[PDB]
Amino acid sequence: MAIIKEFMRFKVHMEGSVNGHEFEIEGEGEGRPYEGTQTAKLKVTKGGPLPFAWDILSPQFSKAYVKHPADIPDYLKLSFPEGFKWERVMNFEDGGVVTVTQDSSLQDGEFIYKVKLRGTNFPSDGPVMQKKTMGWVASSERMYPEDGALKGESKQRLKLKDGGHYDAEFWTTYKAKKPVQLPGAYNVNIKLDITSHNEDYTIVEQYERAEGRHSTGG
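For the structure given in this document, a descriptive report is provided here. By convention in this text, residue numbers begin from 1 on each chain and track the written sequence, not necessarily the entry numbering, and residues missing coordinates are not displayed. Excluded from the side-chain calculation are hydrogens and water; included are all heavy atoms of the structure. Residues with missing side-chain atoms are left out of burial classes, side-chain pairs and their counts.

**Concerning the overall build of the protein**
Move 1: A run of H or I in DSSP counts as a helix once it spans at least four residues, and a run of E counts as a strand once it spans at least two, with each numbered from the N terminus. Along the backbone of the protein there are one helix and twelve strands.
Move 2: For 218 residues, the compact-globule estimate of 2.2 N^0.38 gives 17 Å, and the protein sits close to it at 17 Å.
Move 3: When the backbone C-alpha atoms are referred to their principal axes, the protein occupies close to 45 × 40 × 30 Å. Radius of gyration: over C-alpha atoms. The globule rule applied is 2.2 Å multiplied by the number of residues raised to the 0.38 power.

**Considerations on empty space enclosed by the protein**
Move 1: Reported here for the second largest cavity is a volume of approximately 70 Å³.
Move 2: Lining the second largest cavity, in full, are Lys-63, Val-66, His-68, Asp-74, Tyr-75, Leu-76, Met-143, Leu-150, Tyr-186 and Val-188.
Move 3: Those elements that place two or more of their residues in the lining of the second largest cavity are α1 (75-78) and β11 (186-197).
Move 4: Among the residues making up the lining of the second largest cavity, the classes are represented as seven nonpolar, one polar and two charged. Grid spacing is 1 Å over the protein atoms alone, the probe is 1.4 Å, and a cavity is where that probe fits but cannot get out, while a pocket is an open set with protein on both sides within 12 Å along at least five of seven lines and lining residues have an atom within 4 Å of a point. Grid points are joined across faces, edges and corners, and a volume is the space filled by probe spheres set on the points. The residue classification treats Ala, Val, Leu, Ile, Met, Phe, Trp, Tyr, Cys and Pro as nonpolar and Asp, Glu, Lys and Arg as charged. All others, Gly included, are polar.

**Points about the nonpolar core**
Move 1: Buried residues of nine kinds, namely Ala, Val, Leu, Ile, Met, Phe, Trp, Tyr and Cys, make up a nonpolar core once their side-chain atoms join them within 4.5 Å. Note on classification: 1.4 Å probe, protein chains only; a residue is buried when its accessible area is under 20% of the maximum for its type, exposed when over 50%, partly exposed between these limits. Core analysis: the biggest nonpolar cluster contains 55 residues, and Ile-25, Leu-57, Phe-92 and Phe-111 have the highest contact counts within it.
Move 2: In what follows, a contact means two residues having at least one pair of non-hydrogen atoms within 4.5 Å. Apart from residues lying up to four places away in sequence, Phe-92 is in contact with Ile-56, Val-97, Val-98, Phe-122, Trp-136, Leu-158, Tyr-166, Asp-167 and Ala-168.

**Some details on unusual backbone geometry**
Move 1: Note the cis peptide between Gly-48 and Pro-49, where omega equals -5°.
Move 2: Structurally, the position occupied by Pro-49 is in the loop between β3 (37-46) and α1.
Move 3: A cis amide bond, omega 10°, links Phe-80 with the succeeding residue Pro-81.
Move 4: Residue position: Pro-81 is located in the loop between α1 and β4 (84-92).
Move 5: One non-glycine residue with positive phi stands out, namely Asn-121, at about 65°.
Move 6: Within the secondary structure, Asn-121 is located in the loop between β6 (110-120) and β7 (133-136).
Move 7: Even without being a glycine, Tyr-201 presents a positive backbone phi close to 60°.

**A few points about the pairing of β4**
Move 1: Burial of β4 is one-sided: the residues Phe-84, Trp-86, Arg-88, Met-90 and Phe-92 facing one way are buried, the residues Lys-85, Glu-87, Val-89 and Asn-91 facing the other way are not.
Move 2: Here β4 runs beside strand β5 (residues 97-107); their pairing, made up of eight bridges, is antiparallel. Opposite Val-89, over in β5, you have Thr-99 as the bridge partner.
Move 3: Two strands pair if DSSP finds at least two bridges between them. Between β4 and β5, which pair antiparallel and follow one another directly, the connecting turn spans four residues, one of which, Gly-95, has a positive phi of 95°.
Move 4: Both β4 and strand β10 (residues 165-176) contribute to a ladder of nine bridges, which runs antiparallel. Within the sheet, the bridge partner assigned to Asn-91 lies in β10 and is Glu-169.

**Here's the deal with the layout of surface pockets**
Move 1: By volume, the second largest pocket is sized at about 150 Å³.
Move 2: Looking at the second largest pocket, the residues that line it are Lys-85, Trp-86, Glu-87, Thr-101, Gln-102, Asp-103, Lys-114, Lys-116, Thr-173, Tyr-174 and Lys-175.
Move 3: Sorting the residues of the lining of the second largest pocket by element identifies β4, β5, β6 and β10 as the ones contributing at least two each.
Move 4: Among the residues making up the lining of the second largest pocket, the classes are represented as two nonpolar, three polar and six charged.

**A short note on the pairing of strand β9 (residues 149-160)**
Move 1: Two elements, β7 and β9, share two bridges in a ladder whose sense is antiparallel. Residue pairing in the sheet places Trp-136 in a bridge with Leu-158 of β9.
Move 2: Inspection of the sheet shows strand β8 (residues 139-146) paired to β9 by five bridges, in the antiparallel sense. Its bridge partner lying in β9, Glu-146 is registered against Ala-149.
Move 3: Connecting β8 to the next strand, β9, in antiparallel fashion are two residues, including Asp-147 with a positive phi near 55°.

See below:
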């Protein structure tokens, strides 16, 4: 609680490929870990302009910034200064798949995020490779402890330019680098917004608000 201050910055580096197109992204963000809010400014540094929808990348750029009530152990804040790692699978309803691995650490008073991403099997005709998505609907991640780690599962939904939707299921495992106290089951409500971007999405800003609450599930 002297480690995680009420205002904290972070730096993120992502390396990945989607349908074999390789790219890199570098960004910096800031927020209020106890209030559950944060912003990030991302820049594509290789592989730009991306030939696919920014939205499949936006959820990978920070769960030290989730507001927790006092009776739910904040495992990810407790993992610092060593930090934690996470691995995620996103299965989309048209067969697209994204797998992500991430390492979070704290260096010189800022969080450092390193992300690796592989998106595969997206249809050339689908909304991801045709850039038809329009942001994620607000969602809720169901959290539970298992095998010494914190797991989260959620149904997610992208809005589309044609007024329709495009659904996905997310599975994530979060593991502290030292044994710290795990919570029971609970829900994390999340709203993730793209607050501005340039025309080809090589420069993007995001905002996220996340808060944990007891199930059953408002």
